[PDB]
């Protein structure tokens, strides 16, 4: 049906209550959008810490990759930051050395973006 679409929309929009309601109603925790991004991908991209946590606790695939080969760790290391989110991802089994199609690890993204803290935590 459309539960995955609502879950992706809520992960984009940062509604923790709606995310929890949709998961309790049976939304696909690993549903992917047209670009292959899971709700974990979008939540890590937009700095939604609680949604990231609750998706990981609901069984979301931490190592899932989009169509570009980017895991949620890749998206969290890129651009904004929020070192807490990459820490929670790593604690939940995020592949630190995960490579995209051309071999970009999240550490390479952090180094290019100069986020310092993310680079040292990625170790």
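Positions refer to the first chain, counted from 1.
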On mean C-alpha B-factor from the PDB entry, just flag whether 2-10 or 112-120 is the higher one. 112-120
Output the stretch having the higher mean C-alpha B factor in the entry; the candidates are 77-85 and 64-72. 77-85
Could you place residue 45 in the lowest, middle or highest third of its chain by Cα temperature factor, using the values in the record? lowest
Residue 37: C-alpha B-factor third of its chain, per the entry, is the lowest
By the recorded C-alpha temperature factor, relative to the other modelled residues in its chain, which third is residue 54 in? lowest
